[PDB]
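Below: the structure, in C-alpha cells.
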Amino acid sequence: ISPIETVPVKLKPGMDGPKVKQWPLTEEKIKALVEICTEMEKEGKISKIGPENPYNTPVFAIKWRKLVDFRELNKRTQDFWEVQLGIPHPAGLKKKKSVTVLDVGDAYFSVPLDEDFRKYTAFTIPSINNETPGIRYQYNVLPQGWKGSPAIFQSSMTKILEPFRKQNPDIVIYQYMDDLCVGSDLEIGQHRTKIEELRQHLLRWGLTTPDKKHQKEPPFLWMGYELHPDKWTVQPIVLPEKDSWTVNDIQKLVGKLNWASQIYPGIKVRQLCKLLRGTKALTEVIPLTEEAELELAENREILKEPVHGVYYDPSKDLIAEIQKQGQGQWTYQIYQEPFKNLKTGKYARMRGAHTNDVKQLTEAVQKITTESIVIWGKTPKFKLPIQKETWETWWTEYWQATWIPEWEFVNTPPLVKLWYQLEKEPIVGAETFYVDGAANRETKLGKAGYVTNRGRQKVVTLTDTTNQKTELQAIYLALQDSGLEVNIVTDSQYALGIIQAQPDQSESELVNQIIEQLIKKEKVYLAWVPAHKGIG
Amino acid sequence: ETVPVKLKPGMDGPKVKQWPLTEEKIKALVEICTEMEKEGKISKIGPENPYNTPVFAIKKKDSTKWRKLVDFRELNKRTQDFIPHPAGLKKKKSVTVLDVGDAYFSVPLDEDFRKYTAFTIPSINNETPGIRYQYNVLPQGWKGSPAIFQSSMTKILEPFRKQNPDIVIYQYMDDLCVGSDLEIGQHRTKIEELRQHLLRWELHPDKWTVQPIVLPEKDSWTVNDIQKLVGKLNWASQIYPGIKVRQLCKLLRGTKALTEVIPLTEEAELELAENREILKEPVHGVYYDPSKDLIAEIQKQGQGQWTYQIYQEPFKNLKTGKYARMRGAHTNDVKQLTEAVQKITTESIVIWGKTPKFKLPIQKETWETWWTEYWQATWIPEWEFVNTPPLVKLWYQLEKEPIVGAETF
Ligand SMILES: CC[C@H]1C(=O)Nc2ccc(F)cc2N1C(=O)OC(C)C
C-alpha cells in the first residue's frame, strides 16, 4: 500500500495492549465521527476490524473533529531513542540567501505503522442504542498523539531525504515537528526550482506538502525569535498593565522578566519579588509599592528598545567577553565583529556554602564553553576582567584542579581580584592571639575569647549559639581587637578549611564578617593546631 | 559462528547520553564511521533501539590522524563474566604496551547483543539528528572482546612466548603488556619482532613501591614549627599508633609568639627520634585482596606537583607516589590530572591487573567538559569527585625525593 518501510514496534516487556471503555456519546457526535472514519478508511488511514480485538481506546469529538486518547497505549509502548528536545539556537545558524519552510503536517499520517502493532490502536464508534455493536477500527499509519510517531516519522524523513541531500550538497534541510526548513545560497530562481524538486521527491513517497501558494513566509516566528534570512530579532515582550495584581500575576510577570534579563541588560525584579512575601493565596491581591511601580516602569522602557541579532560566520573569530555585574553575578556577550553580538546572557547570582570570585569566574567560563560547543562546535577566545598575574597567583596554588581556555585580559572595571591572601609564614612583630570557643551543644550557651602573647585577653558569653559559631566568633574577636598585622592560633576544624580555600563569600554570615575583617588587615597569618592537646 | 553473549541477570542495556563534541571531532568520526560501515563493521540503526553509549575521538601519542574511542564502561558493567596476572610482570626491568584492538573486528558479534552497542555521532547546534550505529564485529573497548578472542589470541602468541620465556606477556582489554630485562635496544628490536608476528593477522617497574615520609630537621624550632609538626604527626598516628606528640606538646604550653624559638627538651628530642624511626618503613600487614575494589586518591600539591595513594582500606596503602607535570602542560591543571590518571592506571594494571577507582580533586563539570581532549588510552577507569582534606595533602607533601635526582648524563 505505501512505499516506506515500517519500523518494528513492541509493547514494553510483560505489558499488554489498551483496554479502555468507550464513553457514551450524543447522537450528533457519533454521526460526525461515523463520517470521518468513512473517509479515513477510504484514504487508507484506518481499517475496519472488530472480531478478535480485545484492545480499545476512547474516541472523542471537539464541522466536528475526532480525538483519540492513547495515554494508556503510550504507557504500554516500548521506549524509543528520543525525538531530541534540544533545538538549535539562532546564534548558531548561518546567513542564507534563501530559506523556505515546508509544512509537512499531514505527512504525519502518510507513514505506515508496523502492521504487527496496529491491533493495539483499535478504537470504537459508539451508538445511540448504547446496546448495538459499536463500529470498530484500527490504525494503519502513525496515530496522531501516539508515543512512537514523532520518532518514527523523523527517522522516515531522514532516509527519504538522504538522496536529495547527497545530490544537493549546497542545500541545508532542517526537520522538526512537522516542518521542513530548507535553506541555501543559490540564486532565488534556482532555489525555488530545487524546492519544487524536493516537493516532488517527497510526494514520490506518499508525502504531501502545500504548494507555493501555501508555503510559509520569512520572517518566521521560531521560539521567541523572528528570523529574517539575513539576521534575527526578538519578538517584542509585552508587560501587562493592570490596576489589580494577584500573586499569580506577579509570579507570571517575574517569570517573564527573568527570561528577558538574558537578552536585555538592566531588567530588575528585586522590588517586584518583594510583593511575594508571606503571601497566603495565589489569587491574593498585592498592591505594588512605589518602587515596584517604578521598577516595573523602567523595565517597560528597556523592553521598548529593539534587540536585533546577527548570524554565524565560520570564517570569522568567535569571541566571548565577561563582566561581573555584582557579587556572584555574571554577564557575557559572544560576538565576531565588535558590537554585533551573536548571543548574550547572564548567570543568576551564584550562591553557595563558600567560594571566591576567581573560582566563580572560572565556572562562568566553563558554562559558556559547554554552551558554545553545543552552538558552534568551537570554543570562544576569552576577554576577561581579571589580570594574568591574578590568575597565575590563585590557580597555581589552589587545592582543586581548575582551568580557563585561551583568554586575554580586558581592563574593564570592576576587575576580578583576590580580596585578601593569608600570609605564608607567621608574622614577626605582629601580636599573636591564641583563640578558643566552646559551647554546651544542648543548652546552646557558650563562651568565645582569646589571650595574646602581649597580655591582652577577653571573653564573651553567648546564648542560643553552636560550638562551630563560638570558635569562629573567637577568630572574629581577635580580628576586631588586633592591629593591622596579626597571628591567630585556633583548633577550629573550619579554620583549617579557610586556610586551604581562602573564601571571599559564604553562606554563614559569621564567616562573612570574618572575611570582612580579613580583608581589612595588612597581614594575617592563620594557624591551626590539634584540639584537646597540651597546647594553648 | 558466534558465542551467545548475554547481559548480567536482570540488567538492561546502557542508555548513556552522548556529550557534545567539537566540530573537528565530529567530522573525523563521521569519516571513520562511513568507512567502517562500508567494511561491514557497523550498521546504521532505527529509532526502535533506545540504547546508547557515548563516543568520542582522540589523537594518542603523536598522530596526524584521529582514533575512535567508545566509552563502554556502563556496558562492560552489565556484561556477563567469563588468564590470571603474571606476578612477575611487575619485576621486569622494562615494559612496553601495544594496541591490539584491531584483532577484534576479525570476529562477528552475537546477533541479539548488537542492540546494546548502539552509539551516536552528534550534530552541531542540533541542526541534524545524530547518526546512529551498532556493531556487527567485536568492538574495541568492550570487555567481551578480549575474552571471546582469547582463544585466537593465545593461539597467535605461543610461538613467540614459547620462543623467549624470559619475557612476560600480559593482556588487558585492547592492550598487551610485555616486560623483559634485556637492555633497551634488544628490548625494542624484540618488540618490533612481536608486532611483526601480530601484523601477520616504556615502563620500568624498578622504581615503584610505597614512598618514605621525612619529618623536618632544624637548627632551632619556633612555636609555629612545632605546631605544624605536631598536627601532621597527630594525623599520622592514624597509620602508625606508635607515633607520639606528648613531649612536643608540653613545649607548646603558654602563650608565646608564633615566631619565638623553643629549645627541645631532651625527651621531646627522643620522641622526634622514635617517630622518625617508625616512619622508616611502610606499615606492617598490608596485602592486596583480589576481591575488593582498588582505590586511587590524588591530591594537587601545586606548582605542577601531584601526590597519590593506592589502597583498598583507609590508611593501609599498597603504593604511594608523586607526579610532576610533563612539558607543555604548564597552564593546564586538567591536562596534568588527566596525564596522572593514565600513568597511575597503567601501573595499577601492570601490578594487580585491574584499574582502580579514582578520587579526583576536581569539580565534575571541569573534568567532564575537558578530559577527552587529553586522553590517550583505550581503557577508561571509574572516578568520583572529592574535596581534599588539608592535612592529607600536608602529610604526603613530606615524602622523600632523590638526593640530586635520577641522573641521565
Ligand atoms: C536551513 C537553513 C538554516 C540555517 O542555517 N540558517 C537559517 C536562517 C534563517 C532561517 F529562518 C532558518 C535557518 N535555518 C534553520 O535550520 O533554522 C531552523 C532552526 C528554523
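In the C-alpha cells, the first chain shown is A, the next is B, and so on; residue numbers restart at 1 for each chain, and ligands run from 1 in the order shown.
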
Exercise answer, chain A residues close to chain B, 7 Å and only C-alpha atoms, as a PyMOL selection string:
chain A and resi 7-9+79-81+86-89+92+151-152+155+174+370+373-378+396-397+399-403+426+428+432+434+452-453+496+500+529-530+533-536

Saved selection, atoms kept: N, CA and C atoms, as a compact mmCIF listing (two decimals), in the first residue's frame:
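Output file again_8.txt is given in full below:
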```
# COMPACT_ATOMS: atom_id res chain seq x y z
N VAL A 7 8.86 0.55 10.83
CA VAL A 7 9.81 0.33 11.93
C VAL A 7 9.13 -0.65 12.87
N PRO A 8 9.79 -1.77 13.20
CA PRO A 8 9.26 -2.80 14.11
C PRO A 8 9.06 -2.29 15.55
N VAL A 9 7.80 -2.21 15.98
CA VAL A 9 7.43 -1.71 17.32
C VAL A 9 6.96 -2.80 18.29
N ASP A 79 10.16 1.95 24.58
CA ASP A 79 10.85 3.23 24.56
C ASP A 79 11.57 3.36 23.24
N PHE A 80 11.75 4.59 22.78
CA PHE A 80 12.45 4.81 21.52
C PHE A 80 13.68 5.62 21.83
N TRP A 81 14.55 5.78 20.84
CA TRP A 81 15.75 6.55 21.08
C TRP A 81 15.37 7.84 21.81
N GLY A 86 16.54 19.09 22.33
CA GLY A 86 17.48 20.19 22.18
C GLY A 86 17.36 20.73 20.76
N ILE A 87 16.77 21.92 20.63
CA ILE A 87 16.61 22.54 19.32
C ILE A 87 17.68 23.63 19.11
N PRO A 88 18.05 23.90 17.85
CA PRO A 88 19.07 24.93 17.59
C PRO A 88 18.78 26.32 18.14
N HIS A 89 19.84 27.11 18.29
CA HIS A 89 19.73 28.48 18.75
C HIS A 89 20.13 29.36 17.56
N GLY A 92 23.65 30.10 16.37
CA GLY A 92 24.40 29.07 15.67
C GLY A 92 24.02 28.88 14.20
N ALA A 151 9.23 10.09 16.64
CA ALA A 151 10.48 9.41 16.38
C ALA A 151 10.50 8.68 15.06
N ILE A 152 9.44 7.94 14.78
CA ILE A 152 9.34 7.16 13.56
C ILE A 152 9.16 8.03 12.33
N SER A 155 12.56 9.58 11.55
CA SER A 155 13.52 8.62 11.05
C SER A 155 13.23 8.41 9.56
N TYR A 174 16.34 21.20 7.50
CA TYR A 174 16.17 21.02 8.92
C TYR A 174 14.74 20.53 9.16
N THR A 370 30.66 25.11 27.52
CA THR A 370 29.76 23.99 27.18
C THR A 370 28.66 24.42 26.20
N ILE A 373 30.18 24.91 22.61
CA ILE A 373 30.48 23.68 21.92
C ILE A 373 29.20 23.23 21.26
N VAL A 374 28.13 23.30 22.02
CA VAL A 374 26.83 22.91 21.51
C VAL A 374 26.39 23.80 20.34
N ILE A 375 26.54 25.11 20.48
CA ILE A 375 26.08 26.02 19.44
C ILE A 375 26.95 26.07 18.21
N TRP A 376 28.26 26.15 18.43
CA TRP A 376 29.21 26.27 17.33
C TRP A 376 30.28 25.19 17.20
N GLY A 377 30.22 24.15 18.03
CA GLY A 377 31.24 23.12 17.95
C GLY A 377 32.66 23.66 18.07
N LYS A 378 32.79 24.86 18.64
CA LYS A 378 34.08 25.55 18.84
C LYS A 378 34.07 26.25 20.20
N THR A 396 47.62 28.58 40.33
CA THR A 396 48.85 27.82 40.52
C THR A 396 48.99 27.14 41.90
N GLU A 397 48.27 27.64 42.89
CA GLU A 397 48.36 27.09 44.23
C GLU A 397 47.02 26.63 44.87
N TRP A 399 43.77 24.40 45.84
CA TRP A 399 43.73 22.97 46.09
C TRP A 399 43.07 22.10 45.05
N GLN A 400 42.21 22.71 44.24
CA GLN A 400 41.42 21.99 43.25
C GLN A 400 41.85 22.24 41.82
N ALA A 401 41.83 21.20 40.99
CA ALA A 401 42.20 21.35 39.58
C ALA A 401 41.19 22.28 38.92
N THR A 402 41.72 23.24 38.18
CA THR A 402 40.91 24.25 37.52
C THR A 402 41.60 24.73 36.22
N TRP A 403 40.83 25.34 35.32
CA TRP A 403 41.38 25.83 34.05
C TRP A 403 40.46 26.83 33.33
N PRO A 426 54.37 32.76 59.72
CA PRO A 426 53.96 33.62 60.85
C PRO A 426 54.58 35.02 60.69
N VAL A 428 56.50 38.15 61.99
CA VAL A 428 57.34 38.65 63.07
C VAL A 428 56.82 40.05 63.46
N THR A 432 50.24 37.90 68.60
CA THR A 432 49.80 36.54 68.39
C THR A 432 48.63 36.24 69.32
N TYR A 434 45.90 33.65 70.73
CA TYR A 434 45.53 32.24 70.87
C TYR A 434 44.03 32.33 71.16
N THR A 452 46.58 36.86 74.32
CA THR A 452 47.68 37.11 73.39
C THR A 452 49.02 37.07 74.08
N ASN A 453 50.07 36.89 73.31
CA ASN A 453 51.39 36.87 73.92
C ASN A 453 51.71 38.22 74.57
N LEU A 496 40.66 25.48 59.31
CA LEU A 496 41.58 24.66 58.53
C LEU A 496 41.12 24.74 57.07
N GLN A 500 42.90 26.67 53.56
CA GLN A 500 43.06 25.98 52.28
C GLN A 500 42.39 26.69 51.08
N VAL A 529 45.91 24.15 65.10
CA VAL A 529 46.58 23.16 65.95
C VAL A 529 45.55 22.19 66.44
N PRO A 530 45.95 20.93 66.67
CA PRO A 530 45.02 19.90 67.15
C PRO A 530 44.37 20.34 68.47
N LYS A 533 44.86 19.10 73.05
CA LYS A 533 46.25 18.70 73.20
C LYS A 533 46.81 19.55 74.33
N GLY A 534 48.07 19.33 74.69
CA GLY A 534 48.70 20.10 75.74
C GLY A 534 49.19 21.40 75.13
N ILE A 535 48.32 22.01 74.33
CA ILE A 535 48.60 23.25 73.61
C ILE A 535 47.74 24.42 74.10
N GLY A 536 48.11 25.62 73.66
CA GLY A 536 47.40 26.82 74.05
C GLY A 536 48.29 27.76 74.84
```

Show me which residues are within 7 Å of ligand 1 counting only C-alpha atoms and all ligand atoms, and format the list as a ChimeraX atom specification.
/A:88,93-96,99,172-174,181-184,218-220,222,227-230 /B:127

What is the distance between atom CA of residue 285 of chain A and atom CA of residue 238 of chain A, in Å to one decimal?
21.3 Å

Fewer than 5 positions away in the same chain doesn't count, so skip those; otherwise give me all residues within 10 Å of segment 115-129 of chain A, counting only C-alpha atoms, as a PyMOL selection string.
chain A and resi 6-11+16-31+33-34+37+46-50+52-60+68-70+73+76-77+134-143+146

Would you save the residues of that selection, restricted to C-alpha atoms, as a PDB file, in the first residue's frame?
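Produced file result38.pdb, reproduced below:
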```pdb
ATOM      1  CA  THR A   6       7.865   0.221   8.615  1.00  0.00           C
ATOM      2  CA  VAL A   7       9.805   0.329  11.926  1.00  0.00           C
ATOM      3  CA  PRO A   8       9.259  -2.799  14.110  1.00  0.00           C
ATOM      4  CA  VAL A   9       7.434  -1.706  17.317  1.00  0.00           C
ATOM      5  CA  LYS A  10       6.884  -3.550  20.628  1.00  0.00           C
ATOM      6  CA  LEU A  11       4.987  -3.187  23.872  1.00  0.00           C
ATOM      7  CA  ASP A  16      -0.212  -5.703  27.011  1.00  0.00           C
ATOM      8  CA  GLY A  17      -2.475  -3.609  24.760  1.00  0.00           C
ATOM      9  CA  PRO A  18      -5.005  -0.962  25.964  1.00  0.00           C
ATOM     10  CA  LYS A  19      -8.456  -1.980  27.258  1.00  0.00           C
ATOM     11  CA  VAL A  20     -10.325   1.268  27.815  1.00  0.00           C
ATOM     12  CA  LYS A  21     -14.117   1.582  27.744  1.00  0.00           C
ATOM     13  CA  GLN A  22     -15.702   3.898  25.162  1.00  0.00           C
ATOM     14  CA  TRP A  23     -17.551   6.865  26.696  1.00  0.00           C
ATOM     15  CA  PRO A  24     -21.189   7.221  25.716  1.00  0.00           C
ATOM     16  CA  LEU A  25     -21.626   9.888  23.041  1.00  0.00           C
ATOM     17  CA  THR A  26     -24.577  12.008  21.911  1.00  0.00           C
ATOM     18  CA  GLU A  27     -26.200  11.244  18.531  1.00  0.00           C
ATOM     19  CA  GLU A  28     -24.740  14.200  16.646  1.00  0.00           C
ATOM     20  CA  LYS A  29     -21.247  13.442  17.913  1.00  0.00           C
ATOM     21  CA  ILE A  30     -21.498   9.822  16.797  1.00  0.00           C
ATOM     22  CA  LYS A  31     -22.599  10.896  13.322  1.00  0.00           C
ATOM     23  CA  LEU A  33     -17.332  10.521  13.877  1.00  0.00           C
ATOM     24  CA  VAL A  34     -19.126   7.938  11.776  1.00  0.00           C
ATOM     25  CA  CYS A  37     -13.955   7.266   9.810  1.00  0.00           C
ATOM     26  CA  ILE A  46      -7.588   3.035   9.224  1.00  0.00           C
ATOM     27  CA  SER A  47      -9.100  -0.426   8.786  1.00  0.00           C
ATOM     28  CA  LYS A  48     -12.454  -1.803   9.769  1.00  0.00           C
ATOM     29  CA  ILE A  49     -11.859  -4.512  12.380  1.00  0.00           C
ATOM     30  CA  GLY A  50     -13.958  -5.866  15.246  1.00  0.00           C
ATOM     31  CA  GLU A  52     -10.694 -10.938  17.974  1.00  0.00           C
ATOM     32  CA  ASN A  53      -9.612  -7.468  19.004  1.00  0.00           C
ATOM     33  CA  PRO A  54      -9.535  -7.095  22.844  1.00  0.00           C
ATOM     34  CA  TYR A  55      -7.886  -3.700  22.961  1.00  0.00           C
ATOM     35  CA  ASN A  56      -9.684  -0.413  22.674  1.00  0.00           C
ATOM     36  CA  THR A  57      -9.096   3.306  23.189  1.00  0.00           C
ATOM     37  CA  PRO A  58     -11.576   6.153  23.842  1.00  0.00           C
ATOM     38  CA  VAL A  59     -12.579   8.268  20.843  1.00  0.00           C
ATOM     39  CA  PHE A  60     -13.863  11.840  21.297  1.00  0.00           C
ATOM     40  CA  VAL A  68      -8.293   9.501  20.278  1.00  0.00           C
ATOM     41  CA  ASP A  69      -6.657   9.125  23.699  1.00  0.00           C
ATOM     42  CA  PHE A  70      -3.563   6.980  23.587  1.00  0.00           C
ATOM     43  CA  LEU A  73      -1.337   2.757  24.876  1.00  0.00           C
ATOM     44  CA  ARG A  76       2.387   0.273  27.432  1.00  0.00           C
ATOM     45  CA  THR A  77       4.537   1.175  24.401  1.00  0.00           C
ATOM     46  CA  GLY A 134     -20.031  -0.254  18.015  1.00  0.00           C
ATOM     47  CA  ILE A 135     -18.254   0.494  14.733  1.00  0.00           C
ATOM     48  CA  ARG A 136     -14.703  -0.836  15.242  1.00  0.00           C
ATOM     49  CA  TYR A 137     -11.438   0.294  13.620  1.00  0.00           C
ATOM     50  CA  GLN A 138      -7.626   0.353  13.913  1.00  0.00           C
ATOM     51  CA  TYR A 139      -4.766   2.431  12.603  1.00  0.00           C
ATOM     52  CA  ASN A 140      -2.672   1.632   9.516  1.00  0.00           C
ATOM     53  CA  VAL A 141      -0.484   4.746   9.868  1.00  0.00           C
ATOM     54  CA  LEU A 142       1.334   6.661  12.646  1.00  0.00           C
ATOM     55  CA  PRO A 143      -1.519   7.825  15.006  1.00  0.00           C
ATOM     56  CA  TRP A 146       0.760   8.097  19.904  1.00  0.00           C
TER      57      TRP A 146
END
```

All strand (DSSP E) positions in segment 192-304 of chain A, as a ChimeraX atom specification
/A:220-222,225-228,231-234

Preceding selection exported with C-alpha atoms as a compact mmCIF listing (two decimals), in the first residue's frame:
```txt
# COMPACT_ATOMS: atom_id res chain seq x y z
CA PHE A 220 9.45 33.13 10.65
CA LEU A 221 8.32 33.06 14.25
CA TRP A 222 10.52 30.47 15.86
CA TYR A 225 12.87 34.97 17.84
CA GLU A 226 11.92 36.47 14.48
CA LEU A 227 14.16 35.07 11.77
CA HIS A 228 14.97 37.05 8.64
CA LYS A 231 19.51 38.40 10.66
CA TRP A 232 17.24 37.71 13.65
CA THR A 233 15.32 39.80 16.18
CA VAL A 234 13.46 39.26 19.40
```

Contact residues around residue 292 of chain B with only C-alpha atoms at 12 Å, ignoring same-chain residues under 2 positions, as a ChimeraX atom specification
/B:287-290,294-295,311-313,352,354-357

Would you mind exporting N, CA, C and O atoms of the selected residues as a PDB file, in the first residue's frame?
```pdb
ATOM      1  N   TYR B 287      48.260  -6.254  52.538  1.00  0.00           N
ATOM      2  CA  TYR B 287      48.339  -7.172  51.388  1.00  0.00           C
ATOM      3  C   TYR B 287      47.176  -6.907  50.454  1.00  0.00           C
ATOM      4  O   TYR B 287      46.117  -6.503  50.908  1.00  0.00           O
ATOM      5  N   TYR B 288      47.367  -7.144  49.158  1.00  0.00           N
ATOM      6  CA  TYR B 288      46.309  -6.941  48.167  1.00  0.00           C
ATOM      7  C   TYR B 288      45.234  -8.033  48.268  1.00  0.00           C
ATOM      8  O   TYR B 288      45.545  -9.205  48.417  1.00  0.00           O
ATOM      9  N   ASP B 289      43.967  -7.640  48.200  1.00  0.00           N
ATOM     10  CA  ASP B 289      42.848  -8.579  48.281  1.00  0.00           C
ATOM     11  C   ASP B 289      42.147  -8.530  46.928  1.00  0.00           C
ATOM     12  O   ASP B 289      41.447  -7.569  46.620  1.00  0.00           O
ATOM     13  N   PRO B 290      42.319  -9.565  46.102  1.00  0.00           N
ATOM     14  CA  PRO B 290      41.697  -9.604  44.779  1.00  0.00           C
ATOM     15  C   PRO B 290      40.194  -9.350  44.721  1.00  0.00           C
ATOM     16  O   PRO B 290      39.687  -8.918  43.686  1.00  0.00           O
ATOM     17  N   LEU B 294      39.956  -1.577  44.112  1.00  0.00           N
ATOM     18  CA  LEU B 294      41.234  -0.925  44.360  1.00  0.00           C
ATOM     19  C   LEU B 294      40.965   0.577  44.318  1.00  0.00           C
ATOM     20  O   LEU B 294      40.303   1.044  43.392  1.00  0.00           O
ATOM     21  N   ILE B 295      41.441   1.337  45.308  1.00  0.00           N
ATOM     22  CA  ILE B 295      41.208   2.792  45.304  1.00  0.00           C
ATOM     23  C   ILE B 295      42.455   3.632  45.061  1.00  0.00           C
ATOM     24  O   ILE B 295      43.525   3.361  45.615  1.00  0.00           O
ATOM     25  N   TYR B 311      45.046   2.199  47.595  1.00  0.00           N
ATOM     26  CA  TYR B 311      44.730   1.364  48.727  1.00  0.00           C
ATOM     27  C   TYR B 311      43.347   0.776  48.544  1.00  0.00           C
ATOM     28  O   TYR B 311      42.639   1.121  47.596  1.00  0.00           O
ATOM     29  N   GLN B 312      42.970  -0.102  49.466  1.00  0.00           N
ATOM     30  CA  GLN B 312      41.666  -0.742  49.457  1.00  0.00           C
ATOM     31  C   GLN B 312      41.018  -0.441  50.804  1.00  0.00           C
ATOM     32  O   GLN B 312      39.794  -0.406  50.931  1.00  0.00           O
ATOM     33  N   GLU B 313      41.862  -0.231  51.811  1.00  0.00           N
ATOM     34  CA  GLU B 313      41.414   0.098  53.162  1.00  0.00           C
ATOM     35  C   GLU B 313      42.055   1.410  53.559  1.00  0.00           C
ATOM     36  O   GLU B 313      43.221   1.658  53.265  1.00  0.00           O
ATOM     37  N   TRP B 352      48.409  -5.246  39.679  1.00  0.00           N
ATOM     38  CA  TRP B 352      47.318  -6.071  40.190  1.00  0.00           C
ATOM     39  C   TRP B 352      46.430  -6.542  39.078  1.00  0.00           C
ATOM     40  O   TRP B 352      45.530  -7.346  39.295  1.00  0.00           O
ATOM     41  N   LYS B 354      44.177  -4.814  37.290  1.00  0.00           N
ATOM     42  CA  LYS B 354      42.866  -4.172  37.098  1.00  0.00           C
ATOM     43  C   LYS B 354      43.033  -2.677  37.319  1.00  0.00           C
ATOM     44  O   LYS B 354      44.084  -2.230  37.776  1.00  0.00           O
ATOM     45  N   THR B 355      42.012  -1.903  36.971  1.00  0.00           N
ATOM     46  CA  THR B 355      42.072  -0.455  37.157  1.00  0.00           C
ATOM     47  C   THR B 355      41.492  -0.051  38.519  1.00  0.00           C
ATOM     48  O   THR B 355      40.572  -0.699  39.033  1.00  0.00           O
ATOM     49  N   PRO B 356      42.024   1.021  39.127  1.00  0.00           N
ATOM     50  CA  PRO B 356      41.477   1.426  40.428  1.00  0.00           C
ATOM     51  C   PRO B 356      40.349   2.441  40.219  1.00  0.00           C
ATOM     52  O   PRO B 356      40.151   2.928  39.107  1.00  0.00           O
ATOM     53  N   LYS B 357      39.589   2.737  41.272  1.00  0.00           N
ATOM     54  CA  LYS B 357      38.530   3.742  41.168  1.00  0.00           C
ATOM     55  C   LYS B 357      39.165   5.025  41.702  1.00  0.00           C
ATOM     56  O   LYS B 357      39.631   5.044  42.844  1.00  0.00           O
TER      57      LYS B 357
END
```

DSSP on the backbone: which residues in segment 111-311 of chain A end up as alpha helix (DSSP H)? Give the answer as number ranges by chain.
A: 149-167, 188-203, 247-261, 270-274, 290-302

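The protein and nucleic acid residues lying at most 6 Å from segment 158-170 of chain B are residues 89, 176, 177, 178, 179 and 180 of chain B, with only C-alpha atoms considered and sequence neighbours fewer than 2 positions away removed.
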